[PDB]
Amino acid sequence: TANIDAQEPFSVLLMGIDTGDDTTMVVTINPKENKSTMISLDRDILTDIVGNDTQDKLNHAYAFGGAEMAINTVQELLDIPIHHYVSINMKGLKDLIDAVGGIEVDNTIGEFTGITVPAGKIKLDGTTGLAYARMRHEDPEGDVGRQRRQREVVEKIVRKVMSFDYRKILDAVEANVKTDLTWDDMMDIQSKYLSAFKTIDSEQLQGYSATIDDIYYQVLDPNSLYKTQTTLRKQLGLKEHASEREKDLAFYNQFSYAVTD
């Protein structure tokens with residue numbers, strides 16, 4: 001329902017699915033405040049799986065009902081509307097990095113796992129780009145680290161894709177990307193939301209370690225959850241939803257007995 005033509009603030013869920021026998025993110029574009037907020041969603045987060053009538057870790061949303069179930073589940077978790085979505089393969093993500101001429105990042109680690117990514121300020125291609133985005137071992141932070149690195153990659157990509165260009169040649173990633181976002185929608189963004197990318201901010205979801213049936217889950221702090229929800233909601237020109245605070249708390253209370261902190 002977001003009117004892109006009127007440069008109305010909108011949101012989008014970016015997913016990185018590995019189709020070869022995952023990563024879920026949310027971005028809010030708010031030109032009225034010249035900023036975009038990325039939001040990494042941990043796969044172990046415990047929530048209601050909208051449509052499955054159960055509560056599982058967010059990760060299984062897509063795995064059970066594809067794109068639809070994931071979009072809905074996230075829409076309930078963040079208490080915000082997901083106007084658009086995008087599914088990218090590992091082959092498409094690799095071609096998107098090469099189609100833009102690569103991207104520069106600051107590798108504060110320096111792993112090397114059949115691909116090696118150098119340390120310090122270096123340029124990344126499609127190949128060494130996937131490794132940098134996917135890695136949860138050589139990082140003394142795991143999830144949080146990998147998540148931070150995935151957001152850095154997408155931030156650099158978006159920054160480049162919007163750095164005045166290629167857009168047509170980029171299509172070499174179409175055969176490996178799904179989206180309800182049209183070409184016209186893109187042209188509207190690359191001429192009316194340029195300011196919205198002047199500053200790309202981040203947001204972390206505070207949670208706790210937990211376990212139910214010998215499975216590791218993460219129970220989000222309800223009060224940190226509400227704050228996050230209200231934040232995103234305002235990014236989208238929406239008002240506070242105090243009613244959601246009572247819901248976040250209720251959910252947390254029925255699962256706090258599993259927290260291991």
# chains A, B, ... in the order shown; residues from 1 in each chain; ligands from 1
call {"tool": "residues_around", "arguments": {"residues": "residue 151 (chain A)", "least_positions_apart": "4", "cutoff": "9 Å", "atoms": "only C-alpha atoms", "output": "NGL selection string"}}
result
:A and (25 or 38-40 or 133 or 146-147 or 155-156 or 202)
call {"tool": "select_by_dssp", "arguments": {"residues": "region 116-202 of chain A", "states": "alpha helix (DSSP H)", "output": "PyMOL selection string"}}
result
chain A and resi 127-133+143-161+183-189
call {"tool": "closest_residue", "arguments": {"among": "A:163, A:89, A:204, A:1", "to": "residue 190 (chain A)", "atoms": "only C-alpha atoms"}}
result
A:163
call {"tool": "atom_distance", "arguments": {"atom1": "CA of residue 132 (chain A)", "atom2": "CA of residue 116 (chain A)"}}
result
9.0 Å
call {"tool": "residues_around", "arguments": {"residues": "residue 77 (chain A)", "least_positions_apart": "4", "cutoff": "8 Å", "atoms": "only C-alpha atoms", "output": "PyMOL selection string"}}
result
chain A and resi 47-48+73
call {"tool": "write_last_selection", "arguments": {"atoms": "N, CA and C atoms", "output": "compact mmCIF listing (two decimals), in the first residue's frame"}}
result
# COMPACT_ATOMS: atom_id res chain seq x y z
N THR A 47 9.21 -17.20 17.78
CA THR A 47 8.04 -16.37 17.52
C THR A 47 6.87 -17.20 16.99
N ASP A 48 5.76 -16.53 16.70
CA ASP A 48 4.64 -17.25 16.16
C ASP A 48 4.91 -17.41 14.68
N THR A 73 5.16 -13.84 9.10
CA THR A 73 5.81 -14.08 10.40
C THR A 73 6.65 -12.88 10.83
call {"tool": "closest_residue", "arguments": {"among": "A:102, A:173, A:111, A:50", "to": "residue 86 (chain A)", "atoms": "only C-alpha atoms"}}
result
A:173
call {"tool": "residues_around", "arguments": {"residues": "region 34-37 of chain A", "least_positions_apart": "4", "cutoff": "6 Å", "atoms": "only C-alpha atoms", "output": "list in words"}}
result
residues 27, 28, 29, 30, 195, 196, 197, 199, 200, 201 and 202 of chain A
call {"tool": "closest_residue", "arguments": {"among": "A:207, A:124, A:257, A:26", "to": "residue 157 (chain A)", "atoms": "only C-alpha atoms"}}
result
A:124
call {"tool": "select_by_dssp", "arguments": {"residues": "region 181-219 of chain A", "states": "strand (DSSP E)", "output": "mmCIF file with N, CA and C atoms, in the first residue's frame"}}
result
data_model
loop_
_atom_site.group_PDB
_atom_site.id
_atom_site.type_symbol
_atom_site.label_atom_id
_atom_site.label_comp_id
_atom_site.auth_asym_id
_atom_site.auth_seq_id
_atom_site.Cartn_x
_atom_site.Cartn_y
_atom_site.Cartn_z
ATOM 1 N N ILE A 200 22.752 4.955 6.313
ATOM 2 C CA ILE A 200 22.196 3.632 6.543
ATOM 3 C C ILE A 200 22.458 3.219 7.996
ATOM 4 N N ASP A 201 21.445 3.310 8.856
ATOM 5 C CA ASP A 201 21.600 2.945 10.273
ATOM 6 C C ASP A 201 21.243 1.464 10.506
ATOM 7 N N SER A 202 21.641 0.920 11.656
ATOM 8 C CA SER A 202 21.355 -0.477 11.991
ATOM 9 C C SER A 202 20.516 -0.585 13.262
ATOM 10 N N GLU A 203 20.051 -1.794 13.550
ATOM 11 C CA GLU A 203 19.242 -2.060 14.733
ATOM 12 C C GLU A 203 19.403 -3.512 15.139
ATOM 13 N N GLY A 207 17.950 -10.235 22.925
ATOM 14 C CA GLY A 207 17.298 -11.474 23.313
ATOM 15 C C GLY A 207 18.079 -12.226 24.381
ATOM 16 N N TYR A 208 17.661 -13.455 24.661
ATOM 17 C CA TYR A 208 18.330 -14.276 25.663
ATOM 18 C C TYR A 208 18.492 -15.687 25.123
ATOM 19 N N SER A 209 19.469 -16.408 25.657
ATOM 20 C CA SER A 209 19.710 -17.787 25.250
ATOM 21 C C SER A 209 18.620 -18.667 25.872
ATOM 22 N N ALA A 210 18.197 -19.712 25.164
ATOM 23 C CA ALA A 210 17.174 -20.612 25.692
ATOM 24 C C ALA A 210 17.172 -21.974 25.013
ATOM 25 N N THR A 211 16.433 -22.911 25.592
ATOM 26 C CA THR A 211 16.366 -24.248 25.034
ATOM 27 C C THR A 211 15.079 -24.906 25.474
ATOM 28 N N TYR A 216 18.211 -25.213 20.745
ATOM 29 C CA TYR A 216 18.578 -23.867 21.169
ATOM 30 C C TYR A 216 17.723 -22.777 20.536
ATOM 31 N N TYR A 217 16.991 -22.031 21.355
ATOM 32 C CA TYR A 217 16.185 -20.937 20.824
ATOM 33 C C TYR A 217 16.644 -19.667 21.483
ATOM 34 N N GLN A 218 16.174 -18.547 20.963
ATOM 35 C CA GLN A 218 16.512 -17.248 21.518
ATOM 36 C C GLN A 218 15.199 -16.520 21.823
ATOM 37 N N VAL A 219 14.971 -16.222 23.100
ATOM 38 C CA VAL A 219 13.754 -15.528 23.499
ATOM 39 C C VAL A 219 14.063 -14.053 23.595
#
call {"tool": "decode", "arguments": {"residues": "region 28-63 of chain A", "atoms": "N, CA, C and O atoms", "output": "short mmCIF file (atom, residue, chain, number, x, y, z; two decimals), in the first residue's frame"}}
result
data_model
loop_
_atom_site.label_atom_id
_atom_site.label_comp_id
_atom_site.auth_asym_id
_atom_site.auth_seq_id
_atom_site.Cartn_x
_atom_site.Cartn_y
_atom_site.Cartn_z
N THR A 28 14.23 -0.31 6.20
CA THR A 28 13.18 0.70 6.12
C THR A 28 13.74 1.93 5.41
O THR A 28 14.77 2.48 5.80
N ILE A 29 13.06 2.33 4.34
CA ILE A 29 13.47 3.48 3.55
C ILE A 29 12.58 4.65 3.97
O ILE A 29 11.37 4.63 3.74
N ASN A 30 13.18 5.64 4.63
CA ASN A 30 12.45 6.82 5.08
C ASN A 30 13.13 8.09 4.60
O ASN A 30 13.99 8.64 5.28
N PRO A 31 12.75 8.58 3.42
CA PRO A 31 13.35 9.80 2.87
C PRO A 31 13.02 11.04 3.69
O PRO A 31 13.76 12.01 3.66
N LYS A 32 11.91 11.01 4.42
CA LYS A 32 11.52 12.16 5.22
C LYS A 32 12.55 12.45 6.31
O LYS A 32 12.53 13.50 6.95
N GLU A 33 13.46 11.51 6.54
CA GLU A 33 14.47 11.71 7.55
C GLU A 33 15.82 11.32 6.99
O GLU A 33 16.79 11.12 7.72
N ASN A 34 15.86 11.21 5.66
CA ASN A 34 17.07 10.85 4.94
C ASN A 34 17.83 9.72 5.60
O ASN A 34 18.99 9.90 5.97
N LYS A 35 17.20 8.55 5.73
CA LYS A 35 17.86 7.42 6.38
C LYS A 35 17.18 6.06 6.09
O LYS A 35 16.00 6.00 5.73
N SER A 36 17.96 4.99 6.23
CA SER A 36 17.48 3.62 6.05
C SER A 36 18.00 2.80 7.21
O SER A 36 19.16 2.94 7.60
N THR A 37 17.13 1.95 7.75
CA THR A 37 17.47 1.14 8.90
C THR A 37 17.41 -0.34 8.54
O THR A 37 16.35 -0.87 8.17
N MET A 38 18.56 -1.00 8.65
CA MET A 38 18.70 -2.42 8.37
C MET A 38 18.41 -3.15 9.66
O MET A 38 18.63 -2.63 10.75
N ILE A 39 17.91 -4.37 9.54
CA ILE A 39 17.56 -5.14 10.71
C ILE A 39 17.81 -6.62 10.43
O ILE A 39 17.12 -7.23 9.63
N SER A 40 18.82 -7.16 11.08
CA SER A 40 19.15 -8.56 10.95
C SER A 40 18.22 -9.35 11.86
O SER A 40 17.99 -8.94 13.00
N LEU A 41 17.68 -10.46 11.36
CA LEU A 41 16.83 -11.31 12.18
C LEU A 41 17.54 -12.64 12.39
O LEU A 41 17.81 -13.37 11.44
N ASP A 42 17.86 -12.95 13.64
CA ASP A 42 18.53 -14.21 13.97
C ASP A 42 17.57 -15.36 13.66
O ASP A 42 16.37 -15.26 13.93
N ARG A 43 18.10 -16.45 13.11
CA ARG A 43 17.29 -17.61 12.75
C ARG A 43 16.75 -18.36 13.97
O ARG A 43 15.76 -19.09 13.87
N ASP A 44 17.40 -18.20 15.11
CA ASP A 44 16.95 -18.90 16.30
C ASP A 44 15.89 -18.14 17.09
O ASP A 44 15.47 -18.57 18.16
N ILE A 45 15.44 -17.01 16.57
CA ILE A 45 14.44 -16.26 17.30
C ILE A 45 13.12 -17.03 17.41
O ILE A 45 12.64 -17.61 16.42
N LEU A 46 12.57 -17.07 18.61
CA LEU A 46 11.31 -17.79 18.84
C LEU A 46 10.15 -16.83 18.66
O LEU A 46 10.10 -15.78 19.30
N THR A 47 9.21 -17.20 17.78
CA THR A 47 8.04 -16.37 17.52
C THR A 47 6.87 -17.20 16.99
O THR A 47 6.95 -18.42 16.87
N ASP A 48 5.76 -16.53 16.70
CA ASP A 48 4.64 -17.25 16.16
C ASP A 48 4.91 -17.41 14.68
O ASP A 48 5.36 -16.47 14.01
N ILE A 49 4.70 -18.62 14.17
CA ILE A 49 4.90 -18.88 12.75
C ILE A 49 3.54 -18.66 12.13
O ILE A 49 2.76 -19.59 12.02
N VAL A 50 3.26 -17.43 11.72
CA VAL A 50 1.96 -17.09 11.15
C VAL A 50 1.56 -18.01 10.01
O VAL A 50 2.25 -18.15 9.01
N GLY A 51 0.42 -18.67 10.17
CA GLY A 51 -0.02 -19.58 9.15
C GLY A 51 0.24 -21.04 9.52
O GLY A 51 -0.44 -21.92 9.01
N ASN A 52 1.21 -21.30 10.39
CA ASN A 52 1.50 -22.69 10.79
C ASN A 52 0.82 -23.05 12.13
O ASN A 52 0.80 -24.22 12.55
N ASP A 53 0.24 -22.04 12.79
CA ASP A 53 -0.44 -22.23 14.07
C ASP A 53 0.46 -22.88 15.12
O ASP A 53 0.03 -23.72 15.90
N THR A 54 1.73 -22.47 15.11
CA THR A 54 2.69 -22.97 16.07
C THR A 54 3.68 -21.84 16.32
O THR A 54 3.60 -20.78 15.70
N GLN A 55 4.57 -22.08 17.28
CA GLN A 55 5.61 -21.14 17.64
C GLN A 55 6.88 -21.91 17.43
O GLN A 55 7.09 -22.93 18.09
N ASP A 56 7.72 -21.44 16.51
CA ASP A 56 8.99 -22.09 16.21
C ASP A 56 10.04 -21.01 16.03
O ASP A 56 9.75 -19.83 16.22
N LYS A 57 11.26 -21.39 15.67
CA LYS A 57 12.29 -20.39 15.43
C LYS A 57 12.04 -19.82 14.04
O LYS A 57 11.77 -20.57 13.10
N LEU A 58 12.10 -18.49 13.93
CA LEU A 58 11.88 -17.75 12.69
C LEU A 58 12.44 -18.40 11.43
O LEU A 58 11.88 -18.29 10.34
N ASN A 59 13.56 -19.08 11.59
CA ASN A 59 14.21 -19.74 10.49
C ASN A 59 13.26 -20.66 9.71
O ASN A 59 13.23 -20.64 8.48
N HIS A 60 12.48 -21.47 10.43
CA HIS A 60 11.56 -22.42 9.82
C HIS A 60 10.35 -21.80 9.13
O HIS A 60 9.52 -22.53 8.59
N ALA A 61 10.22 -20.49 9.18
CA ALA A 61 9.07 -19.84 8.55
C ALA A 61 9.11 -20.08 7.04
O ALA A 61 8.17 -20.64 6.46
N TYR A 62 10.20 -19.65 6.41
CA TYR A 62 10.34 -19.83 4.99
C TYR A 62 10.31 -21.31 4.63
O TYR A 62 9.63 -21.70 3.70
N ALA A 63 11.02 -22.13 5.40
CA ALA A 63 11.10 -23.58 5.17
C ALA A 63 9.76 -24.34 5.19
O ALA A 63 9.65 -25.42 4.60
#
